[PDB]
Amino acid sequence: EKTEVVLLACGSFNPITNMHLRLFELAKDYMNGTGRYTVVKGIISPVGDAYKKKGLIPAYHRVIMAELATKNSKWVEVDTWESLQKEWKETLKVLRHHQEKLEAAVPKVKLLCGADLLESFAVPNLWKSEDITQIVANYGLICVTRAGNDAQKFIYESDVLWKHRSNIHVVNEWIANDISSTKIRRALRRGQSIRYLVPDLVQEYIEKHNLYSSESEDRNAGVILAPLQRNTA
């Protein structure tokens, strides 16, 4: 009766934090709460290094931190397909990849994300307009956020999003958590504690290997983010 859903979260996870994990908890409670869906699985998909984002450390490490973070998760797992791509892959292709994989009574894959990601649809050249359309019309978004009217507004201001609003589920986050990866790296560079902001095993892995520093933050400096490069050219 209810539609089975698989939550897919793409992102750089640089590094993964408690907020990324909360995203799944919140979305699951929300989708299951509607009485219309059954969340069967969650997937964390770290982006490959060809994404070229500034300060992005090696994919293998981000994949290991995510596995450590979901070690004790009964329903959330890590998928490495994206991390292994020599050519950065569009989110639309990742969704397609996962939907097809499930096909091989079939659960539907929905993109799990936050407000920022939804709003980035308006950054020039970051997304191919046709991609935005197929993502909302054929897959769906589960957008979690502390600024719900911020997202509702953004959806209202765009004809394509408004038209497919039935597939964009905005999930309010009442507990104010804004544990960004960027503030974690900043904390690490300064020798500050990040305990209780990221799983214990992740924090331990990061400190053991000094993964984050001024130097790592410099990776890809002056380089153009893959999507931008490819959509402008």
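Heads up: residue numbers just count along the shown sequence, starting at 1.
Is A115 a gap in at least one third of the other compared entries?
No; none of the other entries leave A115 out.
I want to check something about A105: across the other compared entries that model its neighbours, is it left unbuilt in at least a third?
Yes; at least one third of the other entries leave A105 out.
Are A104 and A105 truly consecutive in the deposited sequence, or are residues between them missing coordinates? Give the number as none, 1 to 3, 4 to 9, or 10 or more.
In the record, 10 or more residues between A104 and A105 lack coordinates.
Out of 176-184 and 201-209, which stretch has the higher average CA B-factor listed in the record?
Comparing 176-184 with 201-209, the higher mean C-alpha B-factor belongs to 176-184.
Per the record, averaged over C-alpha atoms, which has the higher B-factor: 94-102 or 152-160?
According to the entry, 94-102 carries the higher average C-alpha B-factor.
Lowest, middle or highest third: where is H61 by C-alpha B factor in its chain?
CA B-factor rank for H61: lowest third.
Going by what the PDB entry lists, where does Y196 fall on CA B-factor within its chain: lowest, middle or highest third?
For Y196, the deposited C-alpha B-factor lands in the lowest third.
Which third, lowest, middle or highest, does the CA B-factor of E25 fall in along this chain?
Within its chain, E25 is a lowest-third residue by C-alpha B-factor, going by the deposited values.
Looking at the temperature factor on the CA atom of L117, which third of the chain's modelled residues does it land in?
Highest third.
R189's Cα B-factor: lowest, middle or highest third of the chain?
It falls in the bottom third of the chain.
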